[PDB]
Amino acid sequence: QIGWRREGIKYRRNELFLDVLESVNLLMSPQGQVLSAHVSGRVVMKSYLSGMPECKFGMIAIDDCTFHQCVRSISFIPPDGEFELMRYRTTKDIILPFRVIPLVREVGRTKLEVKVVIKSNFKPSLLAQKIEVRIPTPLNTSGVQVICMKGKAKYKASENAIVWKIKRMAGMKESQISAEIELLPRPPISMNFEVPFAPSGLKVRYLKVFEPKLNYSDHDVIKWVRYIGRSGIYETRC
């Protein structure tokens, strides 16, 4: 009598895949002041459960919510397979995984000495991945000189921006990059990254599966969780 899930589903191994996917957005002053910041999250569930279960999801200050039609500390018969359990958005007490610290210095009207420092700010137990930093260059840029201790950088002069790429970097660390911009006689610094944790601080408390028509209880379900945070707009002024 449920239009989103058939009857007579049986899995040998009743498994549960729970992906928490957040996008952290941040607009910072060069001086570290959070000008605007928020997280947009969804909770995707892959569900391999037998029959017609009644499940309860439960997990900090959420602002919006947008559940699936099945939802009613929320109970629901989840469909079979992948579906998005809920969307959400938070704005307070967000973990900002990186601190971008620009520093520019003029040299006459010919040179531009630029130095940019990124600070990771999370358990050093954990690695950030796919780290990319864009430093835009002015339009009247003749050439660019740049060196950097970690990772690689290149002056994508078509895009009129420096792109610095870093494979990994653990938390509570710091790396920098220095550049000389010769020019011909101020958008922000962007970052992208992936972190193995929900920046909002969200963590999943319990997921309970109740099947009273079939021969399994909650002790029987195998339950798995994954947290992944990525950047959206992640810019620093200067």
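Note that residue numbering begins at 1 and tracks the sequence as displayed.
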query	finding
Residues of the deposited sequence that sit between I60 and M59 yet are not modelled	10 or more
Deposited residues lacking coordinates between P185 and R186 (none, 1 to 3, 4 to 9, 10 or more)	4 to 9
Between 174 to 182 and 209 to 217 (mean CA B-factor, as deposited), the higher	209 to 217
Of 146 to 154 and 104 to 112, the stretch whose C-alpha atoms average the higher B-factor in the entry	104 to 112
Maximum C-alpha temperature factor, selected from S50, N192, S36, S200	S50
Per the PDB entry, maximal CA B factor within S125, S75, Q129, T90	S75
Chain-wide C-alpha B factor ranking for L85, given as lowest, middle or highest third	middle
Where the record places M169 (Cα B-factor, split into thirds across the chain)	lowest
CA B-factor placement of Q1, once the chain's modelled residues are sorted into thirds	highest
Where the record places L96 (Cα B-factor, split into thirds across the chain)	lowest
CA B-factor ranking of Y11, expressed as a third of its chain	highest
